[PDB]
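Given as C-alpha coordinates, the chain that follows is alone and in the form deposited in one PDB entry.
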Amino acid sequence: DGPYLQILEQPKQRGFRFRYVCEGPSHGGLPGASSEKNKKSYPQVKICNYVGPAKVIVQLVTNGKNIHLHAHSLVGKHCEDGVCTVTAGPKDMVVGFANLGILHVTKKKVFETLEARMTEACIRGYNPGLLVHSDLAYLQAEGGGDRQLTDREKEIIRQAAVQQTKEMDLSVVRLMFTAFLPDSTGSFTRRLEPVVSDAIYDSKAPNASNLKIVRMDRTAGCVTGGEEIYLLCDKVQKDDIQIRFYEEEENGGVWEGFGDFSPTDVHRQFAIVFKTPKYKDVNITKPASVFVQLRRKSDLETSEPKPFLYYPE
(Lines give C-alpha, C1' and ligand atoms only; values in the text may rest on other atoms or scores of the structure.)
Protein backbone atom coordinates (compact mmCIF):
# COMPACT_ATOMS: atom_id res chain seq x y z
CA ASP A 1 0.00 0.00 0.00
CA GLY A 2 3.09 2.18 0.29
CA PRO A 3 6.07 2.69 -2.07
CA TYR A 4 6.76 -0.50 -4.04
CA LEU A 5 8.50 -1.77 -7.17
CA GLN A 6 6.81 -3.70 -9.97
CA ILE A 7 7.69 -5.40 -13.24
CA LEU A 8 5.83 -3.98 -16.23
CA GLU A 9 7.17 -6.07 -19.04
CA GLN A 10 8.94 -9.28 -18.05
CA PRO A 11 11.99 -10.46 -20.07
CA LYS A 12 11.28 -12.66 -23.11
CA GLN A 13 12.22 -15.93 -21.35
CA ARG A 14 13.23 -18.08 -24.32
CA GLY A 15 15.34 -17.38 -27.37
CA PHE A 16 18.37 -15.38 -26.23
CA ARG A 17 22.07 -16.29 -26.30
CA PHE A 18 24.15 -16.00 -23.15
CA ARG A 19 27.20 -14.97 -25.18
CA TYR A 20 30.36 -16.37 -23.54
CA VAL A 21 33.22 -14.22 -22.28
CA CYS A 22 35.45 -15.23 -25.19
CA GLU A 23 32.61 -14.31 -27.56
CA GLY A 24 32.66 -10.66 -26.57
CA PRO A 25 29.48 -9.20 -24.94
CA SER A 26 28.86 -7.01 -27.98
CA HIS A 27 26.32 -9.47 -29.43
CA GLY A 28 22.75 -8.45 -28.63
CA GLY A 29 20.18 -7.07 -26.22
CA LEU A 30 17.84 -9.09 -24.00
CA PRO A 31 14.17 -8.34 -24.90
CA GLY A 32 10.84 -8.40 -23.12
CA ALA A 33 8.02 -10.81 -23.82
CA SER A 34 6.47 -8.57 -26.50
CA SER A 35 9.42 -7.13 -28.36
CA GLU A 36 7.93 -8.00 -31.72
CA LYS A 37 9.04 -7.88 -35.36
CA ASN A 38 8.85 -4.14 -35.98
CA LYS A 39 8.21 -3.06 -32.40
CA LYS A 40 10.91 -3.71 -29.80
CA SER A 41 9.96 -3.92 -26.16
CA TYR A 42 12.59 -4.30 -23.45
CA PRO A 43 12.33 -5.38 -19.79
CA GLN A 44 10.86 -2.44 -17.90
CA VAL A 45 9.71 -1.84 -14.32
CA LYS A 46 7.92 1.01 -12.55
CA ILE A 47 8.25 2.28 -9.01
CA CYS A 48 4.74 2.79 -7.64
CA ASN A 49 3.39 5.07 -4.92
CA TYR A 50 6.40 7.40 -5.15
CA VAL A 51 7.19 10.07 -7.74
CA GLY A 52 10.48 11.54 -6.63
CA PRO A 53 13.87 10.65 -8.17
CA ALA A 54 15.23 7.14 -7.56
CA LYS A 55 17.82 4.54 -8.54
CA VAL A 56 16.79 1.10 -9.86
CA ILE A 57 19.40 -1.61 -10.15
CA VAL A 58 19.34 -5.08 -11.63
CA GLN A 59 21.43 -8.22 -11.13
CA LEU A 60 21.18 -11.92 -12.00
CA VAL A 61 19.88 -14.28 -9.35
CA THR A 62 19.66 -18.04 -9.58
CA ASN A 63 16.42 -19.77 -10.50
CA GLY A 64 14.55 -22.27 -8.36
CA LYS A 65 13.48 -22.47 -4.72
CA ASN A 66 16.56 -20.61 -3.45
CA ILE A 67 17.48 -17.06 -4.52
CA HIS A 68 21.24 -16.43 -4.65
CA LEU A 69 23.69 -14.62 -6.92
CA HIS A 70 24.27 -16.26 -10.29
CA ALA A 71 27.79 -16.68 -11.68
CA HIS A 72 26.75 -15.10 -14.97
CA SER A 73 26.86 -11.32 -15.36
CA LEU A 74 24.75 -8.60 -16.92
CA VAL A 75 26.46 -6.37 -19.48
CA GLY A 76 25.66 -3.03 -21.07
CA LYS A 77 26.06 0.73 -20.75
CA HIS A 78 24.97 1.54 -17.20
CA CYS A 79 26.21 -1.85 -16.15
CA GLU A 80 29.41 -3.04 -14.42
CA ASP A 81 30.23 -6.11 -12.33
CA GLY A 82 27.07 -7.81 -13.60
CA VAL A 83 24.70 -5.26 -12.10
CA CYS A 84 23.08 -2.51 -14.13
CA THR A 85 22.20 0.71 -12.29
CA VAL A 86 19.73 2.86 -14.19
CA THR A 87 18.30 5.88 -12.44
CA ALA A 88 14.76 7.09 -13.04
CA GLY A 89 12.01 8.87 -11.19
CA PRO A 90 12.27 12.68 -11.47
CA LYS A 91 8.70 12.83 -12.76
CA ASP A 92 8.32 9.53 -14.66
CA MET A 93 8.52 6.37 -12.54
CA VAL A 94 8.97 3.84 -15.34
CA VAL A 95 12.35 2.58 -16.43
CA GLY A 96 13.41 0.10 -19.07
CA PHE A 97 16.55 -1.93 -19.71
CA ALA A 98 17.77 -1.71 -23.31
CA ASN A 99 20.76 -3.58 -24.75
CA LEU A 100 21.05 -5.89 -21.80
CA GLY A 101 23.60 -8.65 -22.22
CA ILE A 102 24.01 -11.90 -20.29
CA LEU A 103 27.64 -13.01 -19.92
CA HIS A 104 28.05 -16.77 -19.21
CA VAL A 105 31.06 -17.80 -17.13
CA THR A 106 32.70 -21.09 -17.99
CA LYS A 107 31.49 -23.98 -15.87
CA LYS A 108 35.05 -23.83 -14.57
CA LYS A 109 35.48 -20.18 -13.54
CA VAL A 110 32.25 -20.22 -11.56
CA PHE A 111 33.31 -20.65 -7.91
CA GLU A 112 35.95 -17.92 -7.95
CA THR A 113 33.30 -15.57 -9.39
CA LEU A 114 30.81 -16.58 -6.70
CA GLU A 115 33.16 -16.54 -3.73
CA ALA A 116 34.26 -13.11 -4.94
CA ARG A 117 30.65 -12.01 -5.38
CA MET A 118 29.43 -13.28 -2.00
CA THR A 119 32.32 -11.88 0.07
CA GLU A 120 32.23 -8.48 -1.59
CA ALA A 121 28.56 -8.58 -0.60
CA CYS A 122 29.44 -9.48 3.00
CA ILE A 123 30.03 -5.80 3.74
CA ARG A 124 26.69 -4.20 2.84
CA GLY A 125 22.95 -4.48 3.45
CA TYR A 126 20.34 -6.47 1.49
CA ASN A 127 23.21 -8.80 0.67
CA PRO A 128 23.79 -10.88 3.81
CA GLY A 129 21.67 -13.82 4.91
CA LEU A 130 19.38 -13.26 1.95
CA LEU A 131 22.32 -13.97 -0.33
CA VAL A 132 25.34 -15.87 0.95
CA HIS A 133 24.33 -17.71 4.15
CA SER A 134 21.01 -17.02 5.88
CA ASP A 135 22.97 -17.50 9.09
CA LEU A 136 24.73 -14.14 8.92
CA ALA A 137 22.79 -10.94 8.25
CA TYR A 138 24.98 -9.42 10.98
CA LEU A 139 26.03 -7.28 8.04
CA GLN A 140 22.88 -5.69 6.61
CA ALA A 141 24.96 -2.49 6.37
CA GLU A 142 26.81 -1.10 9.41
CA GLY A 143 28.10 2.44 9.04
CA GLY A 144 31.02 2.97 6.69
CA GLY A 145 31.63 -0.46 5.18
CA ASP A 146 33.40 -2.84 7.57
CA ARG A 147 36.60 -4.45 6.29
CA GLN A 148 37.16 -7.93 4.80
CA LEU A 149 36.16 -9.50 8.11
CA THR A 150 37.85 -12.29 10.04
CA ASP A 151 38.32 -15.98 9.30
CA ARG A 152 35.64 -18.59 10.00
CA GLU A 153 33.14 -16.25 8.35
CA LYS A 154 35.69 -15.63 5.61
CA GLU A 155 35.43 -19.43 5.45
CA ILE A 156 31.64 -19.58 5.82
CA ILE A 157 31.10 -17.82 2.53
CA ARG A 158 33.78 -19.97 0.89
CA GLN A 159 31.92 -23.01 2.15
CA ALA A 160 28.73 -21.51 0.67
CA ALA A 161 30.43 -20.41 -2.55
CA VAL A 162 30.95 -24.16 -2.90
CA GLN A 163 27.58 -25.65 -2.03
CA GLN A 164 26.21 -23.11 -4.49
CA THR A 165 28.49 -23.53 -7.52
CA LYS A 166 27.56 -27.21 -7.34
CA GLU A 167 23.87 -26.49 -7.66
CA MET A 168 24.05 -23.58 -10.06
CA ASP A 169 22.38 -24.08 -13.42
CA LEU A 170 24.09 -21.82 -15.95
CA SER A 171 21.44 -22.37 -18.62
CA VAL A 172 18.79 -20.30 -16.81
CA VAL A 173 18.75 -17.06 -14.80
CA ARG A 174 16.34 -14.49 -13.32
CA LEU A 175 16.76 -10.70 -13.25
CA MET A 176 16.42 -9.10 -9.82
CA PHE A 177 15.20 -5.53 -9.71
CA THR A 178 15.89 -3.46 -6.59
CA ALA A 179 14.82 0.17 -6.28
CA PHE A 180 16.49 2.61 -3.88
CA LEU A 181 14.65 5.73 -2.77
CA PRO A 182 16.42 8.86 -1.47
CA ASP A 183 16.63 9.13 2.30
CA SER A 184 17.62 12.70 3.19
CA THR A 185 20.94 14.21 2.16
CA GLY A 186 19.40 13.41 -1.24
CA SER A 187 21.31 10.12 -1.20
CA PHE A 188 19.70 6.79 -2.15
CA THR A 189 19.47 4.46 0.81
CA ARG A 190 15.77 3.62 1.12
CA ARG A 191 15.89 0.12 -0.39
CA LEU A 192 12.42 -1.12 -1.42
CA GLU A 193 11.54 -4.84 -1.33
CA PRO A 194 13.05 -6.38 -4.52
CA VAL A 195 11.25 -8.30 -7.24
CA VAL A 196 12.46 -11.24 -9.33
CA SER A 197 11.65 -11.59 -13.03
CA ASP A 198 10.64 -14.74 -14.82
CA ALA A 199 13.11 -17.41 -15.81
CA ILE A 200 15.37 -16.64 -18.78
CA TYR A 201 16.60 -19.75 -20.57
CA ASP A 202 19.82 -19.74 -22.57
CA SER A 203 18.90 -20.53 -26.17
CA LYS A 204 22.24 -22.30 -26.45
CA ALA A 205 21.07 -24.86 -23.91
CA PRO A 206 20.01 -27.97 -25.78
CA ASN A 207 17.46 -28.59 -23.04
CA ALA A 208 15.63 -25.26 -23.40
CA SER A 209 15.66 -23.62 -26.81
CA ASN A 210 12.73 -22.77 -29.05
CA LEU A 211 11.29 -25.68 -30.99
CA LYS A 212 10.83 -25.37 -34.74
CA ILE A 213 9.57 -27.87 -37.31
CA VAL A 214 11.54 -26.46 -40.22
CA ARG A 215 10.09 -27.99 -43.41
CA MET A 216 9.23 -31.69 -43.06
CA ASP A 217 8.70 -34.40 -45.68
CA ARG A 218 5.08 -35.36 -46.15
CA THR A 219 2.37 -32.93 -45.05
CA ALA A 220 -0.10 -35.83 -45.00
CA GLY A 221 -0.24 -39.60 -44.63
CA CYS A 222 -2.67 -42.53 -44.82
CA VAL A 223 -4.94 -42.95 -41.80
CA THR A 224 -3.36 -46.39 -41.45
CA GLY A 225 -0.31 -44.84 -39.81
CA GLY A 226 3.02 -46.59 -40.23
CA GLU A 227 3.83 -43.75 -42.63
CA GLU A 228 7.60 -43.18 -42.50
CA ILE A 229 8.30 -39.42 -42.70
CA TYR A 230 11.51 -37.36 -42.71
CA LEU A 231 11.44 -34.35 -40.40
CA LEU A 232 14.00 -31.54 -40.40
CA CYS A 233 14.16 -29.46 -37.18
CA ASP A 234 16.14 -27.33 -34.75
CA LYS A 235 18.32 -28.96 -32.11
CA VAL A 236 16.59 -31.61 -30.02
CA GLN A 237 17.57 -34.24 -27.45
CA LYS A 238 16.42 -37.60 -28.87
CA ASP A 239 15.62 -38.81 -25.36
CA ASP A 240 13.30 -35.96 -24.37
CA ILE A 241 11.57 -34.93 -27.62
CA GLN A 242 8.28 -36.08 -29.12
CA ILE A 243 6.08 -35.49 -32.19
CA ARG A 244 2.51 -34.76 -31.06
CA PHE A 245 -0.20 -34.97 -33.73
CA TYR A 246 -3.52 -33.66 -32.47
CA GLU A 247 -7.10 -32.65 -33.24
CA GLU A 248 -9.66 -30.57 -31.30
CA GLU A 249 -12.90 -32.47 -32.01
CA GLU A 250 -15.93 -30.23 -31.44
CA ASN A 251 -16.22 -29.75 -27.65
CA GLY A 252 -16.12 -33.52 -27.23
CA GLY A 253 -12.46 -33.81 -26.25
CA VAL A 254 -8.98 -33.39 -27.76
CA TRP A 255 -7.35 -36.08 -29.90
CA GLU A 256 -3.59 -36.65 -29.87
CA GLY A 257 -1.16 -39.20 -31.25
CA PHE A 258 2.62 -39.49 -31.29
CA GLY A 259 5.02 -40.58 -34.03
CA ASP A 260 7.30 -43.60 -33.63
CA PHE A 261 11.08 -43.52 -33.44
CA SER A 262 14.01 -44.83 -31.47
CA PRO A 263 16.45 -42.32 -30.04
CA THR A 264 18.42 -43.59 -33.02
CA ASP A 265 15.88 -42.35 -35.56
CA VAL A 266 16.87 -38.83 -34.50
CA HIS A 267 19.69 -37.72 -36.74
CA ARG A 268 22.40 -35.62 -35.11
CA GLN A 269 19.74 -33.68 -33.20
CA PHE A 270 18.16 -32.00 -36.22
CA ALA A 271 16.34 -34.69 -38.16
CA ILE A 272 13.92 -37.36 -37.02
CA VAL A 273 12.73 -40.20 -39.22
CA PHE A 274 9.45 -41.46 -37.85
CA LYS A 275 6.34 -43.48 -38.59
CA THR A 276 2.97 -41.74 -38.34
CA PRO A 277 0.38 -42.87 -35.75
CA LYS A 278 -3.10 -44.30 -36.44
CA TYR A 279 -5.62 -41.45 -36.64
CA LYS A 280 -8.71 -41.17 -34.41
CA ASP A 281 -11.05 -42.83 -36.92
CA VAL A 282 -9.81 -45.15 -39.65
CA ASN A 283 -12.91 -46.35 -41.52
CA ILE A 284 -13.62 -42.74 -42.52
CA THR A 285 -13.09 -41.61 -46.12
CA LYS A 286 -13.09 -37.82 -45.75
CA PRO A 287 -9.56 -36.38 -45.27
CA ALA A 288 -8.46 -35.33 -41.78
CA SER A 289 -7.33 -31.84 -40.79
CA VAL A 290 -4.73 -32.41 -38.06
CA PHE A 291 -1.82 -30.58 -36.40
CA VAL A 292 1.69 -31.84 -35.62
CA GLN A 293 4.15 -30.32 -33.14
CA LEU A 294 7.50 -31.15 -31.62
CA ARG A 295 7.35 -31.19 -27.84
CA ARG A 296 9.68 -31.49 -24.87
CA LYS A 297 8.72 -34.10 -22.32
CA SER A 298 10.82 -32.20 -19.83
CA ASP A 299 9.40 -28.66 -19.97
CA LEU A 300 6.41 -29.26 -22.24
CA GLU A 301 7.62 -26.48 -24.50
CA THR A 302 5.95 -26.80 -27.88
CA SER A 303 6.79 -25.69 -31.42
CA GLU A 304 4.45 -24.12 -33.94
CA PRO A 305 1.71 -26.44 -35.21
CA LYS A 306 2.09 -27.44 -38.84
CA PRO A 307 -1.08 -28.60 -40.64
CA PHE A 308 -1.18 -32.31 -41.47
CA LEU A 309 -3.57 -34.33 -43.62
CA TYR A 310 -4.87 -37.83 -42.94
CA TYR A 311 -6.21 -39.55 -46.06
CA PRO A 312 -8.07 -42.91 -45.94
CA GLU A 313 -7.39 -46.16 -47.80
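Between two forms, the rigid core is defined as the largest C-alpha subset superposing within 1.5 Å. We number the residues from 1 along the sequence you see.
This next part talks about the form deposited in another entry, which is not shown.
Novice: Any idea which of 212, 204, 78, 174 has its C-alpha shifted 2 Å or more between this form and the one not shown with the rigid core fixed?
Specialist: After core superposition, the one over threshold is 212.
Novice: Please say whether, between this form and the one not shown, the C-alpha of residue 146 moves by 2 Å or more once the core is aligned.
Specialist: Yes, its C-alpha moves 2 Å or more.
Novice: Rigid core superposed, CA of residue 13 - does it shift 2 Å or more between this form and the one not shown?
Specialist: Moves: no, less than 2 Å.
Novice: After the core is overlaid between this form and the one not shown, has the C-alpha of residue 224 moved by 2 angstroms or more?
Specialist: Comparing forms between this form and the one not shown, the residue 224 CA shifts at least 2 Å.
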